[PDB]
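When a residue number appears, it is its place in the shown sequence, counting from 1. Counting convention: from 1, in listed order, for ligands and their atoms alike.
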Amino acid sequence: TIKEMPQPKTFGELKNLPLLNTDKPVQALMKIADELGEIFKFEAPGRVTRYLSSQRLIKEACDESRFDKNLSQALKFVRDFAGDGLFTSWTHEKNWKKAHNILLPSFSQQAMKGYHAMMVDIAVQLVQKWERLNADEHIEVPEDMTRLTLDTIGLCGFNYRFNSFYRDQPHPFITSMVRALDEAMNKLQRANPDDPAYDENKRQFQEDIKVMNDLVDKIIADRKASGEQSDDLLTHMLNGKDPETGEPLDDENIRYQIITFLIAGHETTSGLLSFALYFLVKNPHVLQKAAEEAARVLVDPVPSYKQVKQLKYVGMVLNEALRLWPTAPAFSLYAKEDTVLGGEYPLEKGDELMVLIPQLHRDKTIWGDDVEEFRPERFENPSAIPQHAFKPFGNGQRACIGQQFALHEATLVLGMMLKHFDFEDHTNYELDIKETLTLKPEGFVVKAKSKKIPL
Ligand code: HEM
Ligand SMILES: O=C(CCCCC1CCCCC1)N[C@@H](Cc1ccccc1)C(=O)O
Ligand SMILES: N[C@@H]1CCCc2ccccc21
Ligand SMILES: N[C@H]1CCCc2ccccc21
């Protein structure tokens with residue numbers, strides 16, 4: 001029966017907008033969900049979002065006949081530099097299905113066999129860094145995980161070394177990209193974006209866009225000139241033809257795809273690894289079980305593709321980390337037609353929804369009494385998990401194209417970490433979650449003790 005939707009506290013003419021005037025807006029929306037329940041309406045001047053938290057409503061939202069991917073205001077601001085790349089394109093834009101058809105074979109489980117050697121190159125650099133720390137020293141976990149995942153996509157993406165493990169200060173491309181991502185998220189909080197107080201922010205944003213376009217356009221121009229045929233995404237994009245249109249991607253679209261993959265390499269897999277290590281050091285019995293698997297499976301100096309596929313428990317640890325702290329914490333949908341959600345909430349064509357993935361993953365009606373516990377065994381049997389209960393990679397045709405790539409890299413790296421080191425939570429770290437487009441532990445530090453196993 002038709003029901004009024006709950007709404008959080010309002011601030012006069014600003015409606016709900018000041019609630020997201022925080023450096024931690026996803027965590028603020030999570031606390032609102034805990035108070036108000038499975039659905040609430042969020043109003044700002046000239047916009048309304050509905051936030052979904054229950055598997056009961058999210059299983060309907062994931063119906064692709066009724067709901068399509070929406071560009072949230074965040075993705076609309078990211079589109080100023082990610083353009084009509086896969087992540088910031090509407091499903092109905094020609095370049096979405098065209099790039100999707102061309103890039104799917106580059107991201108398949110088969111393709112991971114070709115990327116494996118480049119992933120091992122960077123993973124070996126991480127292990128050697130930790131082997132070379134002095135007794136007195138500690139590891140900055142998200143810092144080192146972000147060095148690794150950025151370098152991996154640089155090498156598999158377009159055969160470029162960011163050489164992040166040689167640096168204290170990021171490569172200039174990365175300085176610009178991080179500052180562009182920060183400006184996109186900060187613009188969400190501006191009641192009056194045209195006020196001249198923000199004129200410096202706008203000039204810096206254009207300069208940062210220019211820096212990203214110049215390196216990426218030069219890399220594309222340099223590859224075309226040389227005719228080199230490396231086994232990277234850039235070669236696949238320069239050579240590939242969409243079976244449907246018979247057309248290749250143009251150079252502008254290739255640039256947007258590369259910027260998109262570099263954003264992913266910086267923002268996502270690094271968060272997953274950082275949360276996975278956090279949960280392992282907080283759950284020593286789980287760390288022991290994962291370390292025992294790494295020791296039994298990784299019998300060679302270098303992991304092989306086939307050995308990574310056999311790290312089943314490590315896979316389960318990664319899924320249980322994605323459950324409790326999904327590094328990509330939301331995706332947006334619009335109603336394709338007038339419709340009723342959950343027999344209760346009427347929606348008009350075009351109405352926007354936001355899926356709060358961390359809340360979905362805490363639904364006690366799905367996961368049971370032990371929902372706050374880190375228990376990778378709950379992923380033993382995928383058929384035992386209710387439909388649409390677990391969405392860390394999004395939904396349907398607009399799900400993460402990088403899912404196989406991220407899980408292969410994360411499983412390889414976590415396996416090698418568990419083979420090579422014992423870990424100590426030497427500070428009794430209190431979880432502090434920094435938000436960009438994604439969630440990461442901030443200030444998470446550990447000490448490693450080498451098991452002295454040669455590479
Ligand atoms: C643990 C790591 C990752 C997580 C949790 C993750 C999560 C997501 C999610 C939730 C979406 C759906 C977004 C939406 O509906 O708006 C998505 C889309 C996407 N991801 Fe990832 N991602 C990860 C890693 C990667 C990597 C490494 C890449 C590329 C190298 C990548 C590339 C993309 C792209 C291109 C899309 C858009 C797909 C499309 O609409 O056609 N992701 N990702
Ligand atoms: O829910 C949020 C704030 C958390 C985004 C987190 C999201 C950003 C993309 C990647 C996944 C994580 N933003 C909505 C609604 C909105 C719009 C304008 C002003 C304030 C809120 C939006 O961007 O459409
Ligand atoms: N994995 C996609 C593309 C890269 C950045 C991002 C951020 C939030 C959610 C999904 C994604
Ligand atoms: N993105 C890397 C580049 C190398 C330097 C650095 C430092 C902290 C955190 C990340 C990074």
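Ligand 4 is approached by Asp168 to a heavy-atom distance shorter than 4.0 Å. For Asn70, the closest heavy-atom approach to ligand 2 does not fall below 4.0 Å. Between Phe77 and ligand 2 there is no heavy-atom distance shorter than 4.0 Å.
Among all non-hydrogen protein atoms, the one lying nearest atom 10 (C) of ligand 2 is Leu437 O, 3.8 Å. Looking from atom 18 (C) of ligand 2 to the surrounding protein, the closest heavy atom is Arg47 CD, 3.5 Å. Among protein heavy atoms, the minimum distance from atom 2 (C) of ligand 4 is reached at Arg147 CG, 3.8 Å. The protein heavy atom nearest to atom 5 (C) of ligand 2 is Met185 CE, 4.2 Å. Protein heavy atom at the shortest distance from atom 2 (C) of ligand 2 is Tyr51 OH, 3.4 Å. Nearest protein neighbour of atom 23 (O) of ligand 2, counting heavy atoms only, is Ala74 N, 2.9 Å. Of the protein's non-hydrogen atoms, the one nearest atom 8 (C) of ligand 4 is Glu143 CG, 4.0 Å. Summary of contacts: the protein heavy atom closest to atom 6 (C) of ligand 2 is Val26 CG2, 3.9 Å. Looking only at heavy atoms of the protein, atom 3 (C) of ligand 4 is closest to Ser164 OG, 3.5 Å. Protein heavy atom nearest atom 21 (C) of ligand 2, with residue, atom name and distance: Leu20 CD1, 3.8 Å.
The aromatic rings of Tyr429 and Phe444 are tilted relative to each other, their planes meeting at an angle between 30° and 60°.
The backbone N or O of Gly265 sits less than 3.5 Å from a side-chain atom of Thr149, completing a donor-acceptor pair. Between the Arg323 side chain and the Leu318 main chain, no donor and acceptor come within less than 3.5 Å of each other.
Ligand 2 places these atoms under 4.0 Å from at least one heavy atom of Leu188: 19 (C), 23 (O). If you number the atoms of ligand 2 from 1 as listed, the ones under 4.0 Å from a heavy atom of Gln73 come out as 17 (C), 18 (C), 22 (C), 23 (O), 24 (O). Residue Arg167 has at least one heavy-atom neighbour below 4.0 Å for each of these atoms of ligand 4: 4 (C), 5 (C). Below 4.0 Å from some heavy atom of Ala330 lie the following atoms of ligand 2, by number and element: 11 (C), 12 (C).
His408 and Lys309 share a side-chain donor-acceptor pair at under 3.5 Å. Side-chain polar atoms of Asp84 and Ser89 form no donor-acceptor pair below 3.5 angstrom. With no hydrogens or angles considered, no side-chain donor-acceptor pair links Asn163 and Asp151 at under 3.5 Å. For the residue pair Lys440/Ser270, the side-chain donor-acceptor check at 3.5 Å is satisfied.
Residue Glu140 comes nearest to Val445 through the heavy atom pair CA-CG1, 4.2 Å, listed as atom of the first residue, atom of the second, then distance. In terms of heavy atoms, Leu437 sits closest to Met185 at CD2-SD, 3.6 Å.
Looking at residues two or more places apart in sequence or on another chain, you find no side-chain hydrogen bond (donor to acceptor under 3.5 Å, both in side chains) involving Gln403. Residues satisfying the side-chain hydrogen bond (donor to acceptor under 3.5 Å, both in side chains) criterion with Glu60, sequence neighbours excluded, are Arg66. Take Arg79 and apply the side-chain hydrogen bond (donor to acceptor under 3.5 Å, both in side chains) test, not counting sequence neighbours, and it matches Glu93.
For atom 3 (C) of ligand 2, the nearest non-hydrogen atom from the set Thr49, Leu356, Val78, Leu29 comes from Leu29.
Inter-residue side-chain proximity for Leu324 and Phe279 is flagged as met; some heavy-atom pair is nearer than 4.5 Å.
For ligand 3, residues of the protein lying within 4.0 angstrom by heavy-atom distance are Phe87, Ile263, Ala264, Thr268, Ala328, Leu437, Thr438.
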**Item:** Stepwise ring-ring contact (aromatic ring centres under 6.0 Å, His included) check, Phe162 with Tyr160
**Value:** CA-CA 6 Å; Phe162 286 104; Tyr160 188 84; 5.1 Å; yes
**Asked** Going through the checks in order, is the ring-ring contact (aromatic ring centres under 6.0 Å, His included) test met by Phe261 and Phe107?
**Response** CA-CA 12 Å; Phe261 302 147; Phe107 275 107; 5.4 Å; yes
